[PDB]
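Only one chain is given next, in structure tokens, and it is the form deposited in one PDB entry.
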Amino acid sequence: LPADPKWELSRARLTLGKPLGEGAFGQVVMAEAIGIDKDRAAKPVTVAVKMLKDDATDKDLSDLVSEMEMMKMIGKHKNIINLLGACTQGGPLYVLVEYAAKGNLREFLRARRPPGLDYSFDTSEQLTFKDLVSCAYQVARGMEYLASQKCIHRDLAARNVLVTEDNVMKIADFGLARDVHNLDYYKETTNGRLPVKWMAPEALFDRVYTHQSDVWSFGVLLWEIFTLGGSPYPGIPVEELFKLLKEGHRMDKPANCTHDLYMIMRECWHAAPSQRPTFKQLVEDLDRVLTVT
């Protein structure tokens, strides 16, 4: 594994801590990192360390490397999870990223659903319409930046948006992200995980991804936000989801969602990718919704 001194942090500077979250092949743990902050007086930075699980393969490893490399070219933005460094030498690969205290967006929204009339929870503030639109607006801003970096995310979803102590949204998980520089589109040529319920039709059969296929995913994300962590196309087998999408089926309007937002959501889900709004447009339309509320 080739060294990159620019990003390398020696693992002796790193003390591993409590678990943050995980999935099938990767896990993320809290840690303390010494030397990240240039102010030497007050220290050490709390970071999140992403690493492979024990049953992970060589393929999982090269995917985590690619993920790390993608974050290197991206550039820093308020609404994008920050790469802080990496331990690539003499030990397991650790990818160091900015710590988001409030976990992922899906779990953040779910923990704020009300109990229902006549019921109370017993042990752990309600979100407003404005809070939720804010969430949408912040992600749209980060995606707008991401597209200007000529990078497509391909896995935009509530489970991949993080929340800081200040309720700032940070897009995370660049596992499927691709460099689209000097490309009109990206064409998938392998087999690997696909986030089916978040994928535009054209991505699902032509295996063709653009910024516009990311916008489709944002639309699904919108639906997640306004159902406070709902799971897309509930009760629908995947094999059929796709005939349904062809036939012009789209998800119904969530109960919290206003008409204006559902139209925004619906525009993202246009059959023709050229008729979906750009992220820049999405930032505009969501700023408006927010300016007059």
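Heads up: residue numbers just count along the shown sequence, starting at 1. Each form is matched to the other, and the largest set of C-alpha atoms that superpose within 1.5 Å is called the rigid core.
One more form of this protein should be noted, the form deposited in another entry, which is absent from this view; the next part is about it.
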* Give the option from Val215, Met71, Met199, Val139 whose C-alpha shifts by 2 Å or more between the shown form and the other one; the alignment is on the rigid core. => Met71
* To do: Superpose the two forms on their rigid core, then report whether the C-alpha of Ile34 is displaced by 2 angstroms or more between the shown form and the other one.
  => yes
* **CA of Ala24, rigid core aligned, shift of 2 Å or more between the shown form and the other one** => yes
* Is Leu61 among the residues whose Cα moves by 2 Å or more between the shown form and the other one after superposition of the rigid core? -> yes
* Your call: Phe25 and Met143 CA atoms, closer or farther in the other entry versus the shown structure, by 3 Å or more? -> closer
